[PDB]
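Take a look at the structure below.
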Amino acid sequence: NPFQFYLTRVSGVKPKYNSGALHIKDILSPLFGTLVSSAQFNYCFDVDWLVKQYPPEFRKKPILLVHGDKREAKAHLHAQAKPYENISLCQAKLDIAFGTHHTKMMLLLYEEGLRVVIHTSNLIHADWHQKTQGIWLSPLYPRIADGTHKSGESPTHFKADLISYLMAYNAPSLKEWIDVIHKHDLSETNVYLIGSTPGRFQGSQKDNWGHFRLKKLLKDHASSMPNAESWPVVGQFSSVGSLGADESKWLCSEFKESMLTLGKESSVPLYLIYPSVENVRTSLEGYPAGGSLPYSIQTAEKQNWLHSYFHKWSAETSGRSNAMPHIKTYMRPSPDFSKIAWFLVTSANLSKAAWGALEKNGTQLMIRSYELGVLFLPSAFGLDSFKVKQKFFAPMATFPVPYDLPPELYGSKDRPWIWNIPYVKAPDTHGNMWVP
Ligand SMILES: O=C(O)c1ccc(F)cc1C(=O)O
């Protein structure tokens, strides 16, 4: 696998569907490196559970938790961590209203080098138990020898781009990690970093983050093909924000416009994949899986137009149709879904807060949140396109798409999962209804 894209282990599927999956205990195992220090960037943490996922011999090594909590939530997190003298915390600034520290990333410093893990799971038991989640594992990056002057940079600019992402926090604990990264050789990295950080970006900075970052990379490092208007866009996510009163306000005007960019020189089909109520009810977790699919009735009722874009969750290819998705992915398949022009795994949901919204007569991109993902482009692997792998766990130049293509449209009786209304008509796989 050149791609190093993994799913998390799912309890309850046959072993064939976890052969090649990773649990958090595997990621932190001594087989991956002799841990010296780690940083855990996330949204939600269960600290007692998290420490138990580290090998016993590594449980006292320094851990930095990077989070966005304020006020009582911040106090609760500090209270969770206080029994562990080796745990430090970094509160990421969220100076624009309604922002979230959503990025899920591990920085793992070893005696042997450094590893970066960019993934989709919160650091709680339920997120690694019966969900579909995605992981990108970096190579083991060796240390640059003291006295040697080299950039350690990759053709995708990943080292500088990761440092730039961390610099945006303006945090002393993260400057320490910046200095660690500077000392390592990241040149083998074949993915492009796509981050969001809170702010109002103009001029040159507009291409640094969010959907304009994606657009810039696709303009510079992808090529248009004949009949590009027939290559769909697919977005797949676990949460939906307020997108406006119709598709022209944001979804099709700026979001889709960035995602359909190819090369330097619209009828494009847009497929959005989001679990139906039936997908949740019949899932391994049952209705409680919907606690991790935040879409509120107050938001949904203002944008019923959006639901005509929605397609069911189906993942026979990876044995995961009943493992509800908390992964987020975006990609550009060919008209027959046999190839893809690129693939992105990210924390970013279908949200203006995550991807950015244009302001000031189109001159400023405003982002509310921290997000992070990695983009797989054929050019970074010496290819014009990626073949789609037919079975996720079954020539290595085929990309492992973790759900089924083509996506299947909701049926007339299907409805999107909305987390804060009751479902009391049919019981779930555990015999229960949903009463928020
Ligand atoms: O899990 C998360 O970090 C998360 C936090 C807040 C949300 F509104 C949505 C999500 C999601 O990713 O589904």
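Chain labels follow the order of the structure tokens: the first chain is A, the next B, and so on; residue numbering restarts at 1 in every chain, and ligands are counted from 1 in their shown order.
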
Could you give me the residues within 10 Å of ligand 1, counting only C-alpha atoms and all ligand atoms, as a short mmCIF file (atom, residue, chain, number, x, y, z; two decimals) with N, CA, C and O atoms, in the first residue's frame?
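Listing of out_32.cif after writing:
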data_model
loop_
_atom_site.label_atom_id
_atom_site.label_comp_id
_atom_site.auth_asym_id
_atom_site.auth_seq_id
_atom_site.Cartn_x
_atom_site.Cartn_y
_atom_site.Cartn_z
N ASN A 42 -7.79 16.83 19.23
CA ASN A 42 -9.11 16.23 19.08
C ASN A 42 -10.20 17.19 19.53
O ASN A 42 -9.93 18.33 19.94
N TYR A 43 -11.44 16.72 19.44
CA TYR A 43 -12.62 17.43 19.94
C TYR A 43 -13.03 16.93 21.32
O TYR A 43 -13.13 17.73 22.26
N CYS A 44 -13.27 15.62 21.46
CA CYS A 44 -13.76 14.98 22.67
C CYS A 44 -12.73 13.98 23.18
O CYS A 44 -12.10 13.27 22.38
N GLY A 99 -17.27 28.34 16.51
CA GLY A 99 -16.22 27.50 16.00
C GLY A 99 -15.96 26.30 16.88
O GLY A 99 -16.34 26.28 18.06
N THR A 100 -15.29 25.31 16.31
CA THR A 100 -14.98 24.07 17.01
C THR A 100 -13.54 23.69 16.70
O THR A 100 -13.06 23.91 15.58
N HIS A 101 -12.84 23.12 17.68
CA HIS A 101 -11.56 22.46 17.41
C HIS A 101 -11.84 21.02 17.00
O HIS A 101 -11.96 20.13 17.84
N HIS A 102 -11.95 20.80 15.69
CA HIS A 102 -12.45 19.54 15.18
C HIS A 102 -11.34 18.59 14.73
O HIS A 102 -11.56 17.37 14.72
N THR A 103 -10.16 19.11 14.40
CA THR A 103 -9.03 18.33 13.92
C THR A 103 -8.71 17.13 14.82
O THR A 103 -8.67 17.25 16.05
N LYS A 104 -8.49 15.98 14.18
CA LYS A 104 -8.11 14.74 14.85
C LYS A 104 -6.75 14.32 14.31
O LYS A 104 -6.63 13.90 13.15
N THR A 120 -10.06 10.41 11.96
CA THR A 120 -11.41 10.97 12.10
C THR A 120 -12.09 10.69 13.43
O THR A 120 -13.23 11.13 13.63
N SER A 121 -11.45 9.97 14.35
CA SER A 121 -12.10 9.48 15.57
C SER A 121 -11.83 10.36 16.78
O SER A 121 -10.69 10.75 17.05
N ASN A 122 -12.88 10.62 17.58
CA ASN A 122 -12.70 11.17 18.91
C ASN A 122 -12.00 10.15 19.80
O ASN A 122 -11.95 8.96 19.50
N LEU A 123 -11.44 10.64 20.91
CA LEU A 123 -10.68 9.77 21.81
C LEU A 123 -11.57 9.27 22.95
O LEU A 123 -11.37 9.53 24.14
N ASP A 127 -16.07 5.76 19.66
CA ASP A 127 -15.65 6.13 18.31
C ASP A 127 -14.78 5.07 17.66
O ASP A 127 -14.64 5.09 16.43
N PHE A 237 -20.13 12.44 4.95
CA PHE A 237 -19.89 13.18 6.19
C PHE A 237 -20.84 12.69 7.28
O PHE A 237 -21.78 11.94 7.02
N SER A 238 -20.58 13.15 8.52
CA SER A 238 -21.40 12.74 9.67
C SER A 238 -22.20 13.88 10.27
O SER A 238 -22.92 13.64 11.25
N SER A 239 -22.13 15.08 9.72
CA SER A 239 -22.84 16.21 10.30
C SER A 239 -23.07 17.23 9.19
O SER A 239 -22.31 17.30 8.22
N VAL A 240 -24.15 18.01 9.34
CA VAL A 240 -24.60 18.95 8.33
C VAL A 240 -24.90 20.27 9.04
O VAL A 240 -25.66 20.29 10.01
N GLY A 241 -24.28 21.35 8.56
CA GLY A 241 -24.56 22.68 9.08
C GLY A 241 -25.64 23.39 8.29
O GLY A 241 -26.25 22.85 7.37
N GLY A 290 -26.75 7.52 16.33
CA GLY A 290 -27.19 8.85 15.96
C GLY A 290 -26.74 9.94 16.90
O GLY A 290 -26.82 11.12 16.54
N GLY A 291 -26.26 9.58 18.09
CA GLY A 291 -25.63 10.58 18.94
C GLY A 291 -24.37 11.16 18.34
O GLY A 291 -23.93 12.24 18.77
N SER A 292 -23.78 10.48 17.36
CA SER A 292 -22.58 10.93 16.67
C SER A 292 -22.87 11.35 15.24
O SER A 292 -21.96 11.40 14.40
N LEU A 293 -24.14 11.61 14.92
CA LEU A 293 -24.56 12.12 13.61
C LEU A 293 -25.33 13.41 13.86
O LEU A 293 -26.57 13.44 13.81
N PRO A 294 -24.63 14.50 14.19
CA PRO A 294 -25.31 15.73 14.61
C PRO A 294 -25.87 16.46 13.41
O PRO A 294 -25.14 17.02 12.59
N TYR A 295 -27.19 16.43 13.29
CA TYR A 295 -27.93 17.24 12.33
C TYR A 295 -29.22 17.58 13.07
O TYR A 295 -29.99 16.68 13.41
N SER A 296 -29.42 18.86 13.36
CA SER A 296 -30.53 19.26 14.21
C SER A 296 -31.77 19.57 13.37
O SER A 296 -31.69 20.00 12.22
N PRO A 325 -21.00 5.75 9.73
CA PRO A 325 -19.80 6.52 9.38
C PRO A 325 -19.61 7.71 10.31
O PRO A 325 -20.50 8.55 10.48
N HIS A 326 -18.40 7.81 10.86
CA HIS A 326 -17.90 9.05 11.41
C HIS A 326 -16.70 9.56 10.61
O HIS A 326 -16.25 10.70 10.83
N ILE A 327 -16.20 8.76 9.67
CA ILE A 327 -15.26 9.24 8.66
C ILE A 327 -15.92 10.33 7.81
O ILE A 327 -17.15 10.39 7.68
N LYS A 328 -15.09 11.21 7.25
CA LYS A 328 -15.55 12.18 6.25
C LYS A 328 -14.62 12.05 5.06
O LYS A 328 -13.39 12.02 5.24
N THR A 346 -10.78 13.61 5.78
CA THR A 346 -10.68 14.83 6.56
C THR A 346 -11.59 14.75 7.77
O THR A 346 -12.45 13.86 7.89
N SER A 347 -11.41 15.71 8.68
CA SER A 347 -12.38 15.94 9.74
C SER A 347 -13.56 16.78 9.27
O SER A 347 -14.57 16.83 9.96
N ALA A 348 -13.47 17.44 8.11
CA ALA A 348 -14.46 18.46 7.74
C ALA A 348 -15.79 17.82 7.30
O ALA A 348 -15.83 17.04 6.34
N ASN A 349 -16.87 18.23 7.96
CA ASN A 349 -18.23 17.83 7.62
C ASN A 349 -18.80 18.80 6.58
O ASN A 349 -18.10 19.69 6.09
N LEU A 350 -20.08 18.63 6.23
CA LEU A 350 -20.73 19.50 5.24
C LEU A 350 -21.20 20.77 5.95
O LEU A 350 -22.37 20.92 6.32
N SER A 351 -20.27 21.70 6.12
CA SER A 351 -20.41 22.84 7.02
C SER A 351 -19.62 24.03 6.51
O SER A 351 -18.43 23.89 6.17
N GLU A 371 -9.85 22.27 11.24
CA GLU A 371 -10.08 20.99 10.57
C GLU A 371 -8.78 20.55 9.91
O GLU A 371 -7.90 21.37 9.64
#

Exercise for review: Could you give me, as a ChimeraX atom specification, the residues within 9 Å of residue 229 of chain A, counting only C-alpha atoms and dropping anything in the same chain fewer than 5 positions from it?
Suggested key: /A:260,266-269

Residues at most 12 Å from segment 148-150 of chain A, counting only C-alpha atoms, excluding those fewer than 2 positions away in the same chain, as a tab-separated table (two decimals) with C-alpha atoms, in the first residue's frame?
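Contents of result.tsv, as written:
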chain	number	residue	atom	x	y	z
A	143	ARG	CA	15.71	12.70	12.43
A	144	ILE	CA	17.99	15.01	10.47
A	145	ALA	CA	21.52	14.70	11.84
A	146	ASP	CA	22.72	17.54	14.06
A	152	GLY	CA	13.46	17.55	4.88
A	153	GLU	CA	10.65	18.69	2.57
A	154	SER	CA	8.44	16.52	0.36
A	182	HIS	CA	11.85	21.01	11.85
A	183	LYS	CA	14.40	18.43	13.05
A	184	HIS	CA	12.86	15.55	11.04
A	185	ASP	CA	12.94	14.49	7.38
A	186	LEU	CA	9.39	14.38	5.97
A	187	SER	CA	10.48	14.09	2.32

**Study point:** Non-local contacts of residue 57 of chain A (10 Å; only C-alpha atoms; under 4 positions in same chain excluded) as a VMD selection string
**Key:** chain A and resid 30 34 to 35 61

Could you save those same residues with N, CA, C and O atoms as a compact mmCIF listing (two decimals), in the first residue's frame?
# COMPACT_ATOMS: atom_id res chain seq x y z
N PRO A 30 4.35 -0.54 20.72
CA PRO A 30 5.81 -0.41 20.54
C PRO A 30 6.29 -0.83 19.17
O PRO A 30 7.38 -0.41 18.76
N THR A 34 9.29 3.54 19.58
CA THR A 34 9.52 3.64 21.03
C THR A 34 9.15 5.05 21.46
O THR A 34 9.92 5.99 21.27
N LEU A 35 7.96 5.19 22.04
CA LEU A 35 7.40 6.51 22.31
C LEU A 35 8.23 7.30 23.32
O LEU A 35 8.65 6.78 24.36
N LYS A 61 4.85 8.67 29.65
CA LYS A 61 5.50 9.63 28.76
C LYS A 61 4.60 10.86 28.60
O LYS A 61 3.38 10.76 28.70

Check your understanding: DSSP says strand (DSSP E or B) for which residues of segment 317-360 of chain A? Put them as an MDAnalysis selection string?
Key -> chainID A and resid 325 328:333 339:346 350 357:359

**Study point:** All residues 7 Å or closer to residue 88 of chain A, only C-alpha atoms, same chain fewer than 3 positions away omitted, as number ranges by chain
**Key:** A: 63-65

Practice item. For residue 232 of chain A, work out the shell of residues within 9 Å, counting only C-alpha atoms and skipping chain neighbours fewer than 4 positions away, then give it as an MDAnalysis selection string. Key: chainID A and resid 228 260 268:271 331:335 337

Selected residues written out with N, CA, C and O atoms, as a PDB file, in the first residue's frame:
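What landed in again.pdb:
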ATOM      1  N   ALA A 228     -15.022  16.216 -18.498  1.00  0.00           N
ATOM      2  CA  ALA A 228     -14.903  16.418 -17.056  1.00  0.00           C
ATOM      3  C   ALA A 228     -16.241  16.778 -16.421  1.00  0.00           C
ATOM      4  O   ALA A 228     -16.471  16.472 -15.242  1.00  0.00           O
ATOM      5  N   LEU A 260     -15.115  20.926  -8.041  1.00  0.00           N
ATOM      6  CA  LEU A 260     -15.081  20.491  -9.427  1.00  0.00           C
ATOM      7  C   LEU A 260     -13.866  21.017 -10.188  1.00  0.00           C
ATOM      8  O   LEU A 260     -13.718  20.726 -11.382  1.00  0.00           O
ATOM      9  N   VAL A 268     -22.161  19.175 -13.385  1.00  0.00           N
ATOM     10  CA  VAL A 268     -21.465  18.090 -12.680  1.00  0.00           C
ATOM     11  C   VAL A 268     -22.395  17.500 -11.624  1.00  0.00           C
ATOM     12  O   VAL A 268     -22.907  18.245 -10.769  1.00  0.00           O
ATOM     13  N   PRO A 269     -22.644  16.192 -11.638  1.00  0.00           N
ATOM     14  CA  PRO A 269     -23.502  15.595 -10.605  1.00  0.00           C
ATOM     15  C   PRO A 269     -22.843  15.672  -9.236  1.00  0.00           C
ATOM     16  O   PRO A 269     -21.631  15.489  -9.096  1.00  0.00           O
ATOM     17  N   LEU A 270     -23.656  15.947  -8.216  1.00  0.00           N
ATOM     18  CA  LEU A 270     -23.192  16.026  -6.831  1.00  0.00           C
ATOM     19  C   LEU A 270     -23.932  14.984  -6.000  1.00  0.00           C
ATOM     20  O   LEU A 270     -25.162  15.042  -5.877  1.00  0.00           O
ATOM     21  N   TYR A 271     -23.190  14.024  -5.448  1.00  0.00           N
ATOM     22  CA  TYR A 271     -23.748  12.974  -4.598  1.00  0.00           C
ATOM     23  C   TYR A 271     -23.296  13.247  -3.174  1.00  0.00           C
ATOM     24  O   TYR A 271     -22.094  13.296  -2.916  1.00  0.00           O
ATOM     25  N   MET A 331     -14.421  12.994  -2.946  1.00  0.00           N
ATOM     26  CA  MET A 331     -13.679  12.435  -4.078  1.00  0.00           C
ATOM     27  C   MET A 331     -14.356  12.783  -5.392  1.00  0.00           C
ATOM     28  O   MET A 331     -15.494  13.256  -5.434  1.00  0.00           O
ATOM     29  N   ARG A 332     -13.651  12.474  -6.480  1.00  0.00           N
ATOM     30  CA  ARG A 332     -14.060  12.843  -7.837  1.00  0.00           C
ATOM     31  C   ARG A 332     -14.005  11.610  -8.737  1.00  0.00           C
ATOM     32  O   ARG A 332     -13.028  11.401  -9.468  1.00  0.00           O
ATOM     33  N   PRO A 333     -15.034  10.775  -8.717  1.00  0.00           N
ATOM     34  CA  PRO A 333     -15.037   9.578  -9.570  1.00  0.00           C
ATOM     35  C   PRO A 333     -15.348   9.889 -11.025  1.00  0.00           C
ATOM     36  O   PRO A 333     -15.899  10.935 -11.374  1.00  0.00           O
ATOM     37  N   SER A 334     -14.979   8.930 -11.877  1.00  0.00           N
ATOM     38  CA  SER A 334     -15.332   8.961 -13.284  1.00  0.00           C
ATOM     39  C   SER A 334     -16.830   8.674 -13.453  1.00  0.00           C
ATOM     40  O   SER A 334     -17.509   8.275 -12.500  1.00  0.00           O
ATOM     41  N   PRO A 335     -17.387   8.877 -14.655  1.00  0.00           N
ATOM     42  CA  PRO A 335     -18.841   8.686 -14.815  1.00  0.00           C
ATOM     43  C   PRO A 335     -19.334   7.284 -14.492  1.00  0.00           C
ATOM     44  O   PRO A 335     -20.481   7.135 -14.045  1.00  0.00           O
ATOM     45  N   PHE A 337     -17.697   5.382 -12.248  1.00  0.00           N
ATOM     46  CA  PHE A 337     -17.211   5.116 -10.893  1.00  0.00           C
ATOM     47  C   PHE A 337     -16.078   4.093 -10.847  1.00  0.00           C
ATOM     48  O   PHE A 337     -15.795   3.542  -9.782  1.00  0.00           O
TER      49      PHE A 337
END

Review point. Which residue, A:395, A:402, A:422, A:416, has the smallest gap to residue 303 of chain A when you use only C-alpha atoms?
Key: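 Nearest candidate to residue 303 of chain A out of A:395, A:402, A:422, A:416: A:416.
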
Determine, using only C-alpha atoms, which residues of segment 219-298 of chain A have any atom at most 12 Å from an atom of segment 11-16 of chain A, and tabulate each with its shortest atom pair and distance in Å to one decimal place, rows ordered by chain and then rising number, as a tab-separated table.
residue	atom	partner	partner_atom	distance
A:283	CA	A:12	CA	11.2
A:284	CA	A:12	CA	7.9
A:285	CA	A:11	CA	10.4

Review point. Hey, what's within 8 Å of residue 62 of chain A if we count only C-alpha atoms and toss same-chain stuff fewer than 6 positions away? As a PyMOL selection string, please?
Key: chain A and resi 36-38+86-88

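Distance check against residue 93 of chain A using only C-alpha atoms: of A:131, A:368, A:340, A:56, the minimum falls on A:368.
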
Point to revise | Top pick for closest residue to residue 307 of chain A, considering A:415, A:264, A:82, A:70 and counting only C-alpha atoms | key: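 Closest to residue 307 of chain A of all the choices is A:415.
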
Point to revise | For atom CA of residue 138 of chain A and atom CA of residue 118 of chain A, the interatomic separation in Å (one decimal) | key: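 So the answer is 8.3 Å.
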